[PDB]
Amino acid sequence: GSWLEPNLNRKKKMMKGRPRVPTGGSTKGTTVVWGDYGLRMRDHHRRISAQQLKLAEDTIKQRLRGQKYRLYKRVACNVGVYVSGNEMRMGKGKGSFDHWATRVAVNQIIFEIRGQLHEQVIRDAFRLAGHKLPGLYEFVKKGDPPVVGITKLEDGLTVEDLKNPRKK
Amino acid sequence: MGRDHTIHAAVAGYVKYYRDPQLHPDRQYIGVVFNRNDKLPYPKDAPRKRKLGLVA
RNA sequence: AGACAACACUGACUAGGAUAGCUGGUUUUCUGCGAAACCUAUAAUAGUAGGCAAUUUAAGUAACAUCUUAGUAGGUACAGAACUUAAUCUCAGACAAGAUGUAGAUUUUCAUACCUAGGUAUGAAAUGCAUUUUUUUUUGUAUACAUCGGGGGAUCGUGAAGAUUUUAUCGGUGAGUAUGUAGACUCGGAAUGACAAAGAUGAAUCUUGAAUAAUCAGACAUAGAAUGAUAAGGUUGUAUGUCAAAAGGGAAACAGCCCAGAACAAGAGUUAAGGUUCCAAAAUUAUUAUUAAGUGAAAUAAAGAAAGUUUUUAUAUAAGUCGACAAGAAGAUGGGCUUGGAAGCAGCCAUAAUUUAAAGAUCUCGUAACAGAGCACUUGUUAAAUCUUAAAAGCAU
RNA sequence: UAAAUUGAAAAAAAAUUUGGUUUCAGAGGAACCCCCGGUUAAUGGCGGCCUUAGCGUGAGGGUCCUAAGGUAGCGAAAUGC
RNA sequence: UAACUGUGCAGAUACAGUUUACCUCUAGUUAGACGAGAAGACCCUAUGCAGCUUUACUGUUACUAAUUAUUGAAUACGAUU
RNA sequence: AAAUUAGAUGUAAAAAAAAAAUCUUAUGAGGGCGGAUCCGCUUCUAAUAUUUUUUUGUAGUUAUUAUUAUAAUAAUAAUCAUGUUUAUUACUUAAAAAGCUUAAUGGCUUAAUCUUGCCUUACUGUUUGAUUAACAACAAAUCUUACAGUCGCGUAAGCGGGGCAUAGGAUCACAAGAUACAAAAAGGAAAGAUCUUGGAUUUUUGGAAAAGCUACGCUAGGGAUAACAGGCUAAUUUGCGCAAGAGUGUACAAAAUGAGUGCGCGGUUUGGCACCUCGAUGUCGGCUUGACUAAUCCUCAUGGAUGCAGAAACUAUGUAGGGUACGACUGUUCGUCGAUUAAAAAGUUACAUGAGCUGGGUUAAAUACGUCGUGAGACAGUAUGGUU
RNA sequence: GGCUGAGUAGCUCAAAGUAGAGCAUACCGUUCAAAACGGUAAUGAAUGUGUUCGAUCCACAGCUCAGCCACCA
Ligand SMILES: [K+]
Ligand SMILES: [K+]
Ligand SMILES: [K+]
Ligand SMILES: [K+]
Ligand SMILES: [K+]
Ligand SMILES: [K+]
Ligand SMILES: [K+]
Ligand SMILES: [K+]
Ligand SMILES: [K+]
Ligand SMILES: [K+]
Ligand SMILES: [Mg+2]
Ligand SMILES: [Mg+2]
Ligand SMILES: [Mg+2]
Ligand SMILES: [Mg+2]
Ligand SMILES: [Mg+2]
Ligand SMILES: [Mg+2]
Ligand SMILES: [Mg+2]
Ligand SMILES: [Mg+2]
Ligand SMILES: [Mg+2]
Ligand SMILES: [Mg+2]
Ligand SMILES: [Mg+2]
Ligand SMILES: [Mg+2]
Ligand SMILES: [Mg+2]
Ligand SMILES: [Mg+2]
Ligand SMILES: [Mg+2]
Ligand SMILES: [Mg+2]
Ligand SMILES: [Mg+2]
Ligand SMILES: [Mg+2]
Ligand SMILES: [Mg+2]
Ligand SMILES: [Mg+2]
Ligand SMILES: [Mg+2]
Ligand SMILES: [Mg+2]
Ligand SMILES: [Mg+2]
Ligand SMILES: [Mg+2]
Ligand SMILES: [Mg+2]
Ligand SMILES: [Mg+2]
Ligand SMILES: [Mg+2]
Ligand SMILES: [Mg+2]
Ligand SMILES: [Mg+2]
Ligand SMILES: [Mg+2]
């Protein structure tokens with residue numbers, strides 16, 4: 001399969017589900033691991049579709065065409081969305097397959113790029129991909145600390161300092 | 001143990017949930033002791049603690 | 001024409017004899033207690049029965065509730081990537097020895113020619129860099145002997161055949177204490193809730209005997225889900241409460257929200273939620289900042305823009321920051337190619353240099369093409385003694 | 001079940017016959033029906049697919065099925081979405 | 001027995017806030033009082049009705065068929081055997 | 001590519017001895033002390049476990065090497081072996097899977113699997129305690145216990161009242177056996193009663209022998225429930241805006257133009273929900289008479305426009321004072337079309353207004369066509385007529 | 001919008017242990033030549049994926065599809 005079309009069966013339906021909301025101090029997926037830069041969702045957790053992620057890649061390729069780069073995708077559309085007709089009435093079972101989607105938590109990286117290009121040339125690519133993706137996104141470099149919830153672990157801040165009941 | 005794998009009590013005592021690594025290393029058992037303050041599994045070298053259960 | 005048969009006809013009038021699990025109604029007072037809209041069954045779903053369970057007042061209690069201490073059952077949140085699921089990333093191979101060659105230095109050891117045990121000669125070896133080595137015609141050690149096909153290209157080649165090598169191409173296989181993903185993954189793992197034991201406390205709240213009901217259209221708030229469209233004052237579960245059957249104060253008005261449970265009066269009584277300039281009971285009460293928009297002040301409109309303003313963190317400055325103004329901004333050289341023409345400036349390739357106070361084989365205009373005007377950059381003048389520039393955050397537009 | 005006979009004749013039934021009582025049972029034997037035929041101004045029913053003289057058109061030629069495949073006529077009609 | 005906005009069994013003369021209006025009739029007019037009239041014919045419900053329909057269930061008849069009885073003979077022809 | 005067979009982990013098998021400490025146990029010393037075997041405190045002893053603990057010993061046998069005088073000593077190597085080497089025995093070999101009567105889940109490898117021997121407890125009667133008092137009642141159910149009777153297997157202990165577990169409907173009537181209960185005067189019998197057992201899409205499976213139309217319809221009821229409008233919601237629309245900028249524009253993103261998208265407003269469409277009204281909220285168009293919104297068709301002021309010479313027009317910002325007509329077609333809203341005009345734009349108000357009018361459409365009784373149905377009849381199929 | 005039934009040789013049609021029989025086609029022979037005729041041959045189970053010892057066959061999802069229902073206001 002692929003990151004937009006998995007090797008799953010469309011017959012077996014899936015529940016709506018909910019994105020991951022780490023409430024225990026988890027930095028899972030909030031850092032650049034492969035490339036030099038990244039694109040972080042910094043507003044709220046959502047469920048991005050395979051059509052909104054396909055256009056994001058096409059928007060980055062169009063802006064960086066003719067240049068040497070390596071685009072990494074850190075999200076997979078492994079959630080089958082099933083929609084019943086918006087003209088039908090309530091009941092009569094669950095809806096039919098509509099599209100593949102992926103649930104993303106807050107402050108999680110979406111794309112990562114590694115190439116012999118200028119930083120400002122990559123910003124414009126990630127800036128255009130954010131105006132066409134659902135929500136708000138941010139430009140992230142490699143080496144910067146992870147994010148626990150909506151708070152970055154900057155200036156020596158650790159996950160245990162956030163769990164300490166005393167903060168004042 | 002019953003036909004449907006139901007565990008019954010064979011005597012009047014107190015339920016105990018324990019693990020006997022000597023009898024089987026990866027099993028968890030259920031037992032009934034006559035004294036509430038007993039600790040299972042009994043040591044293999046201690047005498048059997050049994051009650052008469054008879055009236056004269 | 002279901003037309004007419006004397007108010008009536010898909011079957012008149014009149015006397016006699018019905019039912020209605022449906023709708024409506026059911027009349028004095030005081031006093032005590034006080035639900036439910038759930039489960040199971042039903043030709044059953046707006047009905048009914050049995051339970052849970054409301055009431056009466058007797059007998060019991062090692063009753064019931066709650067906390068404490070000790071113990072038990074079970075795998076949720078979370079967290080994680082073990083097993084399973086999706087996708088992605090990295091890797092798929094190394095050393096020692098031996099062997100095979102070369103330029104040497106010409107010393108030492110050794111084998112030969114000797115010579116007379118050294119030297120005299122001829123070879124090897126030692127020493128330095130290559131070369132061969134994960135299955136080879138190279139053994140050993142350490143490891144998963146550690147990878148199989150399509151296809152592309154290249155070098156051979158046969159009457160068509162195919163054969164043998166390569167790739168940063170597709171799929172598959174092996175390795176990873178690599179990254180992510182979770183209703184039918186849980187190796188790890190709460191709080192809560194549940195069960196039972198003893199003790200203590202408390203408002204009899206518990207059980208049983210006897211007697212005997214109503215209810216079985218629920219609603220909303222909050223949390224967390226399924227469903228819908230991550231819509232509904234939506235539908236369906238779970239947890240808690242209120243309403244229902246609960247008045248009073250607050251939320252302008254208010255079944256469900258925040259407080260608080262109305263037997264009746266008195267009090268500048270004491271307080272909860274909530275509030276204290278006036279309507280309107282009580283502060284125009286003190287402290288420090290922000291806003292200039294009536295923003296806002298008891299129902300947050302979004303992304304986003306910007307010499308609005310404040311703070312903070314950096315940073316520039318009499319070595320003249322910032323701004324303006326004056327001049328310069330070269331040469332090899334119309335780079336090569338392309339093109340009718342391409343001279344920095346259509347497009348392609350290159351863009352180590354040189355000389356300068358500085359000057360990209362060129363950032364925006366201009367030319368058919370040159371020319372020409374600006375910029376990067378460089379010098380000078382004017383001039384600031386808390387006064388440069390940028391970012392982030394707060395409140396505003 | 002009563003009587004008689006027979007049997008048993010040990011603590012004894014049981015079997016046969018007749019009376020009364022109460023059941024099972026069907027060679028043959030009507031119509032409708034089965035079978036054969038007739039009747040549409042009786043109730044009623046009256047079809048598909050490929051192929052082509054060039055593109056085209058389809059006279060023509062292939063086949064499947066039916067009791068029969070809508071004939072003459074009419075036809076965006078009081079019938080055509 | 002006013003108007004507006006909001007509220008609320010979800011479309012207010014009557015609640016909240018604000019605004020406006022001296023008391024009382026006459027003739028016009030019909031926007032509202034979810035105006036009046038008829039316990040909605042539509043829709044749904046009731047193990048409620050009525051008429052009609054049929055290869056619904058269970059029945060009665062017209063009609064058809066055989067036979068005891070009223071009811072007796074004679075040849076046959078023939079079959080059971 | 002796919003047939004059979006043979007394989008696919010490692011370790012151990014001469015043998016220990018001793019000192020103290022930390023617990024935990026004891027139907028050990030009938031321990032001691034308070035209240036023999038009851039209970040909380042208690043020393044001692046014993047046993048298991050735990051310390052990385054203090055160590056000591058690690059031989060013998062066979063053989064090799066070295067020294068010493070064939071033997072002795074030291075070191076090194078091998079060593080389960082008195083036993084048919086096909087050795088044998090103990091332990092170990094992830095998970096999944098196979099198997100265990102059928103789906104799925106859990107479980108079993110130390111048996112619930114497999115092989116073999118003997119068997120048929122897949123027994124009769126009664127009965128215990130449970131399923132936090134089975135299924136949130138009852139009933140049909142499930143597991144388990146004991147006594148008596150008499151059978152199997154096993155050396156024995158003991159095991160066995162079907163199957164590894166969780167999915168097979170009563171009564172009545174009917175039929176076959178047993179019990180010896182009662183026998184409507186009496187002796188019998190019949191018909192009954194108790195015990196055991198069989199034959200069920202009683203599948204609406206706590207268990208009726210059961211097809212339709214009504215527009216000629218009736219009664220009792222329901223906003224507990226649809227159609228109209230309102231309310232909530234905003235997927236969607238025939239309603240719009242903002243952000244970004246692939247691309248078009250001979251050149252040049254933003255004069256015009258704007259793919260696929262993102263962030264929103266709005267309440268005018270089709271829906272969703274079913275909150276108000278079924279002891280009654282009349283409904284599509286037309287006429288009459290308005291009121292309001294501004295997202296602007298005309299008129300007025302005005303910015304931009306290699307693409308503003310002028311004129312006309314495009315786009316945009318102000319702005320709703322006035323106007324936006326006539327006719328043919330259709331029941332039509334809408335839409336098409338004719339011919340004028342400065343222009344012949346829209347929307348909200350119960351898709352404003354039927355106690356103001358109209359009644360052509362939709363939606364009653366009548367009738368016909370086509371289609372459907374065996375038929376009565378039905379039809380977002382079409383017609384003529386129909387108390388406002 | 002919502003269900004149902006079908007798909008095999010070039011063309012027709014038949015059929016969980018099979019793929020058959022026609023027509024067409026091809027080769028040859030008959031005729032002066034062609035057709036007809038005669039003789040002798042070669043032609044298939046859609047699209048995957050499951051079930052089963054084995055699938056034209058059973059199951060499932062697509063393509064092609066045709067047919068039917070889209071009723072009361
Ligand atoms: K009822
Ligand atoms: K009271
Ligand atoms: K009370
Ligand atoms: K666990
Ligand atoms: K305000
Ligand atoms: K009401
Ligand atoms: K009026
Ligand atoms: K056996
Ligand atoms: K008698
Ligand atoms: K007329
Ligand atoms: Mg975005
Ligand atoms: Mg009629
Ligand atoms: Mg009449
Ligand atoms: Mg309740
Ligand atoms: Mg019943
Ligand atoms: Mg609700
Ligand atoms: Mg409801
Ligand atoms: Mg009530
Ligand atoms: Mg109250
Ligand atoms: Mg107030
Ligand atoms: Mg006071
Ligand atoms: Mg005051
Ligand atoms: Mg050039
Ligand atoms: Mg007969
Ligand atoms: Mg006969
Ligand atoms: Mg004809
Ligand atoms: Mg109002
Ligand atoms: Mg009042
Ligand atoms: Mg009037
Ligand atoms: Mg009123
Ligand atoms: Mg078995
Ligand atoms: Mg119970
Ligand atoms: Mg039932
Ligand atoms: Mg039941
Ligand atoms: Mg009619
Ligand atoms: Mg309602
Ligand atoms: Mg201008
Ligand atoms: Mg004026
Ligand atoms: Mg109207
Ligand atoms: Mg009116």
# chains A, B, ... in the order shown; residues from 1 in each chain; ligands from 1
$ residues_near_ligand --ligand "ligand 30" --cutoff "12 Å" --atoms "only C-alpha atoms (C1' of nucleotides) and all ligand atoms" --output "list in words"
residues 1, 12, 13, 14, 32, 33, 34 and 35 of chain E
$ select_by_dssp --residues "range 2-38 of chain B" --states "strand (DSSP E or B)" --output "MDAnalysis selection string"
chainID B and resid 14:18 29:33
$ write_last_selection --atoms "C-alpha atoms" --output "CSV table (one decimal), in the first residue's frame"
chain,number,residue,atom,x,y,z
B,14,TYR,CA,-11.9,-18.4,53.4
B,15,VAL,CA,-11.1,-17.7,49.8
B,16,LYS,CA,-7.5,-17.1,48.8
B,17,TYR,CA,-5.9,-16.0,45.5
B,18,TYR,CA,-2.3,-17.0,45.2
B,29,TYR,CA,-4.6,-20.7,41.9
B,30,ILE,CA,-7.6,-20.3,44.2
B,31,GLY,CA,-7.8,-22.0,47.6
B,32,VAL,CA,-9.8,-22.2,50.8
B,33,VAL,CA,-8.1,-22.0,54.2
$ residues_near_ligand --ligand "ligand 24" --cutoff "9 Å" --atoms "only C-alpha atoms (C1' of nucleotides) and all ligand atoms" --output "list in words"
residues 26, 27, 28 and 29 of chain D
$ write_last_selection --atoms "N, CA and C atoms (P, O5', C5', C4', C3', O3' and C1' of nucleotides)" --output "PDB file, in the first residue's frame"
ATOM      1  P     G D  26     -58.803 -51.326   4.790  1.00  0.00           P
ATOM      2  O5'   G D  26     -59.344 -51.834   3.382  1.00  0.00           O
ATOM      3  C5'   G D  26     -58.818 -53.011   2.781  1.00  0.00           C
ATOM      4  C4'   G D  26     -59.824 -53.653   1.860  1.00  0.00           C
ATOM      5  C3'   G D  26     -60.309 -52.762   0.720  1.00  0.00           C
ATOM      6  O3'   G D  26     -60.574 -53.551  -0.438  1.00  0.00           O
ATOM      7  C1'   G D  26     -62.142 -53.354   2.091  1.00  0.00           C
ATOM      8  P     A D  27     -59.423 -53.770  -1.537  1.00  0.00           P
ATOM      9  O5'   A D  27     -60.140 -54.600  -2.691  1.00  0.00           O
ATOM     10  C5'   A D  27     -59.375 -55.265  -3.684  1.00  0.00           C
ATOM     11  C4'   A D  27     -60.180 -56.329  -4.383  1.00  0.00           C
ATOM     12  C3'   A D  27     -61.176 -55.841  -5.423  1.00  0.00           C
ATOM     13  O3'   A D  27     -60.581 -55.552  -6.676  1.00  0.00           O
ATOM     14  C1'   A D  27     -62.239 -57.385  -4.000  1.00  0.00           C
ATOM     15  P     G D  28     -60.944 -54.190  -7.448  1.00  0.00           P
ATOM     16  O5'   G D  28     -62.527 -54.251  -7.613  1.00  0.00           O
ATOM     17  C5'   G D  28     -63.139 -55.266  -8.394  1.00  0.00           C
ATOM     18  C4'   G D  28     -64.623 -55.342  -8.136  1.00  0.00           C
ATOM     19  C3'   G D  28     -65.431 -54.100  -8.476  1.00  0.00           C
ATOM     20  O3'   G D  28     -65.745 -53.994  -9.853  1.00  0.00           O
ATOM     21  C1'   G D  28     -66.033 -54.857  -6.325  1.00  0.00           C
ATOM     22  P     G D  29     -65.712 -52.561 -10.579  1.00  0.00           P
ATOM     23  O5'   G D  29     -66.756 -51.692  -9.749  1.00  0.00           O
ATOM     24  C5'   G D  29     -68.143 -51.991  -9.777  1.00  0.00           C
ATOM     25  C4'   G D  29     -68.913 -51.113  -8.824  1.00  0.00           C
ATOM     26  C3'   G D  29     -68.729 -49.614  -9.004  1.00  0.00           C
ATOM     27  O3'   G D  29     -69.539 -49.079 -10.036  1.00  0.00           O
ATOM     28  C1'   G D  29     -68.475 -50.162  -6.724  1.00  0.00           C
TER      29        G D  29
END
$ interface_residues --of "chain F" --to "chain B" --cutoff "10 Å" --atoms "only C-alpha atoms (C1' of nucleotides)" --output "list in words"
residues 24, 25, 26, 27, 47, 48, 107, 110, 129, 130, 142, 143, 144, 145, 164, 165 and 166 of chain F
$ closest_atom_pairs --of "chain A" --to "chain G" --cutoff "12 Å" --atoms "only C-alpha atoms (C1' of nucleotides)" --output "Markdown table"
| residue | atom | partner | partner_atom | distance |
| --- | --- | --- | --- | --- |
| A:9 | CA | G:61 | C1' | 10.1 |
| A:10 | CA | G:61 | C1' | 9.6 |
| A:11 | CA | G:61 | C1' | 8.6 |
| A:85 | CA | G:1 | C1' | 10.9 |
| A:87 | CA | G:1 | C1' | 10.3 |
| A:88 | CA | G:1 | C1' | 10.3 |
$ residues_near_ligand --ligand "ligand 22" --cutoff "9 Å" --atoms "only C-alpha atoms (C1' of nucleotides) and all ligand atoms" --output "ChimeraX atom specification"
/C:276,278,280-282
$ atom_distance --atom1 "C1' of residue 276 in chain F" --atom2 "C1' of residue 218 in chain C"
18.7 Å
$ residues_near_ligand --ligand "ligand 34" --cutoff "9 Å" --atoms "only C-alpha atoms (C1' of nucleotides) and all ligand atoms" --output "number ranges by chain"
C: 40-41; F: 135, 140, 206
$ residues_near_ligand --ligand "ligand 12" --cutoff "10 Å" --atoms "only C-alpha atoms (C1' of nucleotides) and all ligand atoms" --output "PyMOL selection string"
(chain C and resi 1-2+10) or (chain F and resi 215-216+365-367)
$ write_last_selection --atoms "N, CA, C and O atoms (P, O5', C5', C4', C3', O3' and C1' of nucleotides)" --output "PDB file, in the first residue's frame"
ATOM      1  P     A C   1     -73.321   5.073 -13.581  1.00  0.00           P
ATOM      2  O5'   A C   1     -73.701   6.130 -12.459  1.00  0.00           O
ATOM      3  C5'   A C   1     -72.842   7.218 -12.166  1.00  0.00           C
ATOM      4  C4'   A C   1     -73.209   7.862 -10.858  1.00  0.00           C
ATOM      5  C3'   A C   1     -73.201   6.943  -9.651  1.00  0.00           C
ATOM      6  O3'   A C   1     -71.902   6.720  -9.132  1.00  0.00           O
ATOM      7  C1'   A C   1     -75.177   8.246  -9.646  1.00  0.00           C
ATOM      8  P     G C   2     -71.385   5.222  -8.870  1.00  0.00           P
ATOM      9  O5'   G C   2     -72.286   4.702  -7.667  1.00  0.00           O
ATOM     10  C5'   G C   2     -72.243   5.350  -6.404  1.00  0.00           C
ATOM     11  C4'   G C   2     -73.471   5.067  -5.580  1.00  0.00           C
ATOM     12  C3'   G C   2     -73.453   5.685  -4.187  1.00  0.00           C
ATOM     13  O3'   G C   2     -74.767   6.068  -3.794  1.00  0.00           O
ATOM     14  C1'   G C   2     -73.554   3.327  -4.006  1.00  0.00           C
ATOM     15  P     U C  10     -75.184   5.227   1.380  1.00  0.00           P
ATOM     16  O5'   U C  10     -74.278   3.916   1.408  1.00  0.00           O
ATOM     17  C5'   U C  10     -74.845   2.641   1.120  1.00  0.00           C
ATOM     18  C4'   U C  10     -73.942   1.499   1.521  1.00  0.00           C
ATOM     19  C3'   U C  10     -73.100   1.732   2.776  1.00  0.00           C
ATOM     20  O3'   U C  10     -73.001   0.523   3.528  1.00  0.00           O
ATOM     21  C1'   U C  10     -71.686   1.218   0.959  1.00  0.00           C
TER      22        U C  10
ATOM     23  P     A F 215     -60.180   6.289   0.794  1.00  0.00           P
ATOM     24  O5'   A F 215     -60.785   7.645   0.220  1.00  0.00           O
ATOM     25  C5'   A F 215     -62.190   7.813   0.063  1.00  0.00           C
ATOM     26  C4'   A F 215     -62.578   7.985  -1.384  1.00  0.00           C
ATOM     27  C3'   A F 215     -62.293   6.778  -2.269  1.00  0.00           C
ATOM     28  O3'   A F 215     -63.264   6.687  -3.310  1.00  0.00           O
ATOM     29  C1'   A F 215     -61.002   8.620  -3.005  1.00  0.00           C
ATOM     30  P     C F 216     -64.185   5.375  -3.447  1.00  0.00           P
ATOM     31  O5'   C F 216     -65.531   5.771  -2.697  1.00  0.00           O
ATOM     32  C5'   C F 216     -66.244   6.935  -3.081  1.00  0.00           C
ATOM     33  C4'   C F 216     -67.244   7.360  -2.039  1.00  0.00           C
ATOM     34  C3'   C F 216     -66.675   7.765  -0.691  1.00  0.00           C
ATOM     35  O3'   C F 216     -66.177   9.090  -0.675  1.00  0.00           O
ATOM     36  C1'   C F 216     -68.512   6.315  -0.368  1.00  0.00           C
ATOM     37  P     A F 365     -62.538  11.361  -5.882  1.00  0.00           P
ATOM     38  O5'   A F 365     -64.084  11.179  -5.552  1.00  0.00           O
ATOM     39  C5'   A F 365     -64.531  10.175  -4.653  1.00  0.00           C
ATOM     40  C4'   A F 365     -65.980  10.371  -4.293  1.00  0.00           C
ATOM     41  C3'   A F 365     -66.978  10.180  -5.426  1.00  0.00           C
ATOM     42  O3'   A F 365     -67.312   8.820  -5.635  1.00  0.00           O
ATOM     43  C1'   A F 365     -67.468  12.182  -4.262  1.00  0.00           C
ATOM     44  P     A F 366     -66.894   8.069  -6.990  1.00  0.00           P
ATOM     45  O5'   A F 366     -67.577   8.934  -8.137  1.00  0.00           O
ATOM     46  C5'   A F 366     -68.986   8.958  -8.291  1.00  0.00           C
ATOM     47  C4'   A F 366     -69.384   9.556  -9.614  1.00  0.00           C
ATOM     48  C3'   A F 366     -68.763   8.911 -10.842  1.00  0.00           C
ATOM     49  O3'   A F 366     -69.427   7.731 -11.254  1.00  0.00           O
ATOM     50  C1'   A F 366     -68.541  11.251 -10.997  1.00  0.00           C
ATOM     51  P     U F 367     -68.573   6.445 -11.696  1.00  0.00           P
ATOM     52  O5'   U F 367     -67.958   6.855 -13.105  1.00  0.00           O
ATOM     53  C5'   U F 367     -68.806   7.185 -14.191  1.00  0.00           C
ATOM     54  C4'   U F 367     -68.051   7.828 -15.324  1.00  0.00           C
ATOM     55  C3'   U F 367     -66.823   7.086 -15.817  1.00  0.00           C
ATOM     56  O3'   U F 367     -67.133   5.990 -16.657  1.00  0.00           O
ATOM     57  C1'   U F 367     -66.310   9.373 -15.587  1.00  0.00           C
TER      58        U F 367
END
$ interface_residues --of "chain C" --to "chain B" --cutoff "10 Å" --atoms "only C-alpha atoms (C1' of nucleotides)" --output "PyMOL selection string"
chain C and resi 71-73+197
$ residues_near_ligand --ligand "ligand 27" --cutoff "10 Å" --atoms "only C-alpha atoms (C1' of nucleotides) and all ligand atoms" --output "PyMOL selection string"
chain E and resi 5-8+11-12
$ residues_near_ligand --ligand "ligand 23" --cutoff "9 Å" --atoms "only C-alpha atoms (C1' of nucleotides) and all ligand atoms" --output "PyMOL selection string"
chain C and resi 334-337+342-344+361
$ residues_near_ligand --ligand "ligand 21" --cutoff "12 Å" --atoms "only C-alpha atoms (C1' of nucleotides) and all ligand atoms" --output "ChimeraX atom specification"
/C:267-271,281-282
$ write_last_selection --atoms "N, CA, C and O atoms (P, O5', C5', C4', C3', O3' and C1' of nucleotides)" --output "PDB file, in the first residue's frame"
ATOM      1  P     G C 267     -38.645  43.238  62.470  1.00  0.00           P
ATOM      2  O5'   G C 267     -37.213  42.960  63.106  1.00  0.00           O
ATOM      3  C5'   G C 267     -36.950  43.266  64.469  1.00  0.00           C
ATOM      4  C4'   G C 267     -35.548  42.882  64.867  1.00  0.00           C
ATOM      5  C3'   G C 267     -34.446  43.475  63.992  1.00  0.00           C
ATOM      6  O3'   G C 267     -33.298  43.770  64.787  1.00  0.00           O
ATOM      7  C1'   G C 267     -34.323  41.121  63.924  1.00  0.00           C
ATOM      8  P     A C 268     -32.823  45.289  65.005  1.00  0.00           P
ATOM      9  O5'   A C 268     -32.475  45.803  63.539  1.00  0.00           O
ATOM     10  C5'   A C 268     -31.331  45.321  62.854  1.00  0.00           C
ATOM     11  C4'   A C 268     -31.256  45.862  61.449  1.00  0.00           C
ATOM     12  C3'   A C 268     -30.069  45.399  60.618  1.00  0.00           C
ATOM     13  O3'   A C 268     -30.262  44.122  60.039  1.00  0.00           O
ATOM     14  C1'   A C 268     -30.259  47.740  60.456  1.00  0.00           C
ATOM     15  P     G C 269     -29.002  43.165  59.754  1.00  0.00           P
ATOM     16  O5'   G C 269     -28.280  43.044  61.170  1.00  0.00           O
ATOM     17  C5'   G C 269     -29.038  42.889  62.359  1.00  0.00           C
ATOM     18  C4'   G C 269     -28.559  41.732  63.199  1.00  0.00           C
ATOM     19  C3'   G C 269     -27.530  40.812  62.557  1.00  0.00           C
ATOM     20  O3'   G C 269     -26.204  41.297  62.679  1.00  0.00           O
ATOM     21  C1'   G C 269     -29.270  39.515  63.491  1.00  0.00           C
ATOM     22  P     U C 270     -25.130  41.039  61.512  1.00  0.00           P
ATOM     23  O5'   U C 270     -24.933  39.459  61.504  1.00  0.00           O
ATOM     24  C5'   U C 270     -24.105  38.819  62.462  1.00  0.00           C
ATOM     25  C4'   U C 270     -23.946  37.350  62.160  1.00  0.00           C
ATOM     26  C3'   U C 270     -23.332  37.015  60.809  1.00  0.00           C
ATOM     27  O3'   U C 270     -21.917  37.085  60.808  1.00  0.00           O
ATOM     28  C1'   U C 270     -25.276  35.715  61.130  1.00  0.00           C
ATOM     29  P     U C 271     -21.116  37.126  59.416  1.00  0.00           P
ATOM     30  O5'   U C 271     -21.626  35.832  58.643  1.00  0.00           O
ATOM     31  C5'   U C 271     -21.354  35.654  57.261  1.00  0.00           C
ATOM     32  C4'   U C 271     -21.938  34.363  56.748  1.00  0.00           C
ATOM     33  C3'   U C 271     -21.962  34.194  55.237  1.00  0.00           C
ATOM     34  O3'   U C 271     -20.724  33.770  54.698  1.00  0.00           O
ATOM     35  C1'   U C 271     -24.073  33.629  56.117  1.00  0.00           C
ATOM     36  P     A C 281     -31.330  50.847  47.251  1.00  0.00           P
ATOM     37  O5'   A C 281     -31.479  49.562  48.176  1.00  0.00           O
ATOM     38  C5'   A C 281     -31.469  49.679  49.590  1.00  0.00           C
ATOM     39  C4'   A C 281     -30.727  48.537  50.230  1.00  0.00           C
ATOM     40  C3'   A C 281     -29.217  48.553  50.049  1.00  0.00           C
ATOM     41  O3'   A C 281     -28.576  49.363  51.021  1.00  0.00           O
ATOM     42  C1'   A C 281     -30.065  46.399  49.534  1.00  0.00           C
ATOM     43  P     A C 282     -27.857  50.742  50.617  1.00  0.00           P
ATOM     44  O5'   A C 282     -26.308  50.441  50.823  1.00  0.00           O
ATOM     45  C5'   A C 282     -25.842  49.763  51.981  1.00  0.00           C
ATOM     46  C4'   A C 282     -24.738  48.800  51.635  1.00  0.00           C
ATOM     47  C3'   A C 282     -23.604  49.375  50.802  1.00  0.00           C
ATOM     48  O3'   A C 282     -22.631  50.029  51.598  1.00  0.00           O
ATOM     49  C1'   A C 282     -24.330  47.326  49.861  1.00  0.00           C
TER      50        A C 282
END
